[PDB]
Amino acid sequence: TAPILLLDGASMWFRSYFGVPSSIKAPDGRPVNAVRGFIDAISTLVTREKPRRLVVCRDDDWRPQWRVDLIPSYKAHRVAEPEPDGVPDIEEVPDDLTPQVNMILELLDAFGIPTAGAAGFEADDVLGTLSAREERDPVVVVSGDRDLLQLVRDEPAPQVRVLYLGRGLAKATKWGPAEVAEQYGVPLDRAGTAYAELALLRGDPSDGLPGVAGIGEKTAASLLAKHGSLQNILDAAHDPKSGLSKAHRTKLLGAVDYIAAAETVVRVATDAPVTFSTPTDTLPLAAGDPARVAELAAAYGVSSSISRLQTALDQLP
């Protein structure tokens, strides 16, 4: 069957902001380069993958306080203004990108393209929850964030693949457990979960996570190779009988609190209370409110992108 496409919205409209020139502007003079690029990427995906279901996953909280309470450095270098409990912090985002996010969300709502979010959770969690719950169609998670490689799956069916945007959508290929194992040296049988454990130990500078001091990616891969899982590694460190080196024991035991805190920070939630903006995740074949879509697209200077999208949808079986 055709796959369900799960889109990491913010990953994609940040890419379009940096991938489309800012001289692409609305009639009021505001840049719409991210709007155009994001709509164009949806059209490209629709034509390439021919889904019947598609969801744009939102960051209802791009930096959830429950993660920050466990590891205060988490995404701290990306905060423009911290906000008190219950209110998402203000992310450091170019001043001419934030209005384009609002424009994109208005167009998606008027067209009726499903969007999904969960209060207090990241789009990463929405993605992990929807991919974990899927039972009918193969899943393609579309994102430039390597965090989502932890979702890859072969069994139980359906499979989950990450269409990884690190080199842009044109060069993007689908990553599964084999690709993650081959590229990161984690065990194939649990590649996705092992990748999150590897990332935990080695660190994640874009998210402000230091990892375990003195455990780089090569040491983390060999420890997972020998012991199979992070829990087995911790067990090997806690048991003075094991063949774990004394130096590795010292590094791991010195970080027991960080490792416990980081496990829940690094792993995407798989049971977030996701809500849809639409009744189903079915991709509409024409605008739910075509007058409002034409008005918005004219005002936002992306009328031709919307026309190309409706062409792509017209070509679906």
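Note that residue numbering follows the sequence shown and begins at 1.
Taking the PDB entry as given, 218-226 carries the higher mean Cα B factor of the two stretches 218-226 and 122-130. Just going by the entry, 3-11 versus 306-314 on mean CA temperature factor gives the higher value to 306-314. When the Cα B-factors of 88, 208, 211, 192 are read from the PDB record, 192 comes out highest. Highest CA B-factor among the listed residues (201, 101, 237, 163): 237. Residue 253: CA B factor lies in the highest third for its chain, per the PDB record.
Per the deposited record, the Cα B-factor of residue 183 falls in the highest third when ranked against the other modelled residues of its chain. Among the modelled residues of its chain, residue 292 has a C-alpha B-factor that falls in the middle third according to the deposited record. Residue 112: CA B factor lies in the middle third for its chain, per the PDB record. Sorting the modelled residues of the chain by their CA temperature factor places residue 61 in the middle third.
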